[PDB]
Amino acid sequence: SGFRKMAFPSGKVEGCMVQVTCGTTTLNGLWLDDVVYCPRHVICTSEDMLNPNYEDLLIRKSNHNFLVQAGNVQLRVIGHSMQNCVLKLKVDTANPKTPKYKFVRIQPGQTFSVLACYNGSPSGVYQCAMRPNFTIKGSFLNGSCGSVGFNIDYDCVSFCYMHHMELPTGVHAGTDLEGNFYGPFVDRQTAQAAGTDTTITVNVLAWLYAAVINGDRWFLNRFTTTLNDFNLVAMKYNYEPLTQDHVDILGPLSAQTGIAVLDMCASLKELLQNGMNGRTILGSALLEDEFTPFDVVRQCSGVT
Amino acid sequence: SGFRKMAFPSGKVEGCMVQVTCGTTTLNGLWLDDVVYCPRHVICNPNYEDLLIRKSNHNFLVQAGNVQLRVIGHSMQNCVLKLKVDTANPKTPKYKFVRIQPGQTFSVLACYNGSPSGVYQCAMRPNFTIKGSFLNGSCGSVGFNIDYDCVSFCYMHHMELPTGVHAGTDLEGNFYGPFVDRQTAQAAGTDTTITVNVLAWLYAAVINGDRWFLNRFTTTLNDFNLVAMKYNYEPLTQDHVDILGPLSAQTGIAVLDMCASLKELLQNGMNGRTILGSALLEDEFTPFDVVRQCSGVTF
Ligand SMILES: COC1CN(S(=O)(=O)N2Cc3ccc(Cl)cc3[C@H](C(=O)Nc3cncc4ccccc34)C2)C1
Ligand SMILES: COC1CN(S(=O)(=O)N2Cc3ccc(Cl)cc3[C@H](C(=O)Nc3cncc4ccccc34)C2)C1
Ligand SMILES: [Cl-]
């Protein structure tokens, strides 16, 4: 019993964290085999951030301008290349702690664990989601750039995020491990702001099924809804549209509890209308949207 | 910016998790040097000395990854079983066994069949239970804090109570709370809110840019304690005030000035507003957790 925001064990990722220094800038890198991956803005000064020309800054650097430190050992850089917004630093030592891994690009609504690092040293691990506006609500300070997001399935680490910047509202933006940003963001000091954020509807439904599995049904009602009527109501509360794919994905949770997806949509409509009236659901007074249907199935019991 | 329920990096602890099997019971063990520590209920009104004396070393199957460890000795210390093994753990980190006090937080590495599945942060409640997330097979999962390179093990999971909350021991086998390790009528006592932690979280909200709850008022410690007792909040002591000193200095808000804000939040509610994305007053961040997360301390 119980339901917590659970992160994956971070050990496999801790063994890949290194410190990367170029001139006066120091941030984190990910060392997998003989390549260190890090944000390309490690080659910039603060002045450069307004309108940086990365190709022009990069061509002026040599391998020995990049200092890479793994624990107390200096790694030697023997090559460098840029792929989108990430710099790939070829080193002459392969990481003996390289786990089984994949680079995966995630979609909004997906969750992942973040190993927050400073100076190539991990300081904490937390769970979060790719918001519909492509930002993440992380906890990062200066020097955290290059920290990574991941999931672990079986013995395989799937790296999905690399941290690059903090937006004016305090939320965070970054890239996949191929250097492509999530969202319309640029690694440039420009007037860019997070779009209006919305609630991840399929995740709120998954968390309502998690509450039913754990023994709570006070929020259910005798009504149902069509998918179209549910979306017309949901959009009024800044909730993301629920698609037939989302309905399909909730199938197993609907079967385990005996509550149809459109019947759970009717409870959600009524919770949006009424609020919780002094009650909590799984120890929360707000509707939680950072647990996917997959996260609920992995954490919750198979019985009830 | 941002404020999350953050756990310590679990790697140093992952390298110690093993699976322990005795008869039909399988749970988790902690392998440090040549000893595996696990709940003594793995051998199960139980008479544990009588139950233990009937077992031999080969009755305990200990598995570290895909390798079987050979048990060469066994002894009981309170509610913890210590299994001497033939191989010392080459991944044993620098460690201490520490007993924590209610209100203190720690990270839990939840494991099943000696394999870690997740990490989360939690606090020892004033009623000595933890609000964890555990299923059958999670017994032997451990709680810890990390300071520099040293892992301080403070908790070992033993059982789930009827309300869905959890009970366990320190690594010397002494239970936290008035709990015993057997099937009997056991219930968590009435819980209270950890006041010093709510104040620390209110300082964290101010550091992150939220000040709507601040007011011009102050309070005495006695008047604040008379109000707090009415709302099932733990008494705030002069030690708690002292411990909040650094957060008070960083924000410029006196501890009794923050107590005046908390009194108004308890007497009036939030009025449709939130603090750090929460509509409830959060009590599972200590003053030290707030300082560490708002300063970037690494391990
Ligand atoms: C909160 O201040 C804003 C303004 N800056 S900054 O430090 O001047 N800045 C500008 C900038 C522009 C583009 C890119 Cl790709 C990166 C960067 C850097 C950046 O974003 N670094 C940070 C990342 N995460 C978290 C942070 C937390 C605090 C402070 C820097 C944090 C530096 C972040
Ligand atoms: C929730 O059911 C109650 C009744 N049982 S039980 O499974 O029969 N039970 C009895 C018992 C008595 C003493 C001790 Cl020290 C341990 C144990 C075990 C226990 O507590 N193990 C569990 C721990 N955490 C989480 C769980 C989740 C589900 C189910 C067992 C979970 C098993 C717990
Ligand atoms: Cl995805």
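Going by Swiss-Prot, the residues shown for chain B are 3264-3307, 3314-3568, listed in order.
Per deposition record, X-ray crystallography, 1.9 Å.
The backbone N, Cα and C atoms fix where each Cβ goes, and this holds for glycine too.
As recorded in Swiss-Prot, the features of this protein are as follows:
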type     : residues : note
CROSSLNK : B:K3268  : ubiquitin cross-link
ACT_SITE : B:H3304  : active site, for 3CL-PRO activity
CROSSLNK : B:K3353  : ubiquitin cross-link
ACT_SITE : B:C3408  : active site, nucleophile
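Sequence features, as recorded in Swiss-Prot, placed on the structure.
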residue: B:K3268; record: ubiquitin cross-link; Cβ within 10 Å: 20
residue: B:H3304; record: active site, for 3CL-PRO activity; Cβ within 10 Å: 21
residue: B:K3353; record: ubiquitin cross-link; Cβ within 10 Å: 15
residue: B:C3408; record: active site, nucleophile; Cβ within 10 Å: 25
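Put simply, B:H3304 is the one of the recorded positions B:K3268, B:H3304, B:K3353 whose Cα lies nearest to the Cα of B:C3408 (active site, nucleophile).
In sequence order there is nothing to list: of B:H3304, B:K3353, B:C3408, none of the recorded positions comes within a CB distance under 8 A of chain A. Between the CA atoms of B:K3268 (ubiquitin cross-link) and the residue listed as 'active site, for 3CL-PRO activity' there is a gap of 32 Å. B:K3353 (ubiquitin cross-link) carries a strand DSSP state (E or B). B:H3304 are the recorded positions among B:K3268, B:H3304, B:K3353 whose C-beta comes within less than 6 Å of an atom of ligand 2, given in sequence order. Between B:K3353 (ubiquitin cross-link) and B:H3304 (active site, for 3CL-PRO activity), the C-alpha separation comes to 17 Å. Chain break remark: 6 residues absent between B:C3307 and B:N3314, end-to-end distance 10 Å (Cα atoms, rounded to whole Å).
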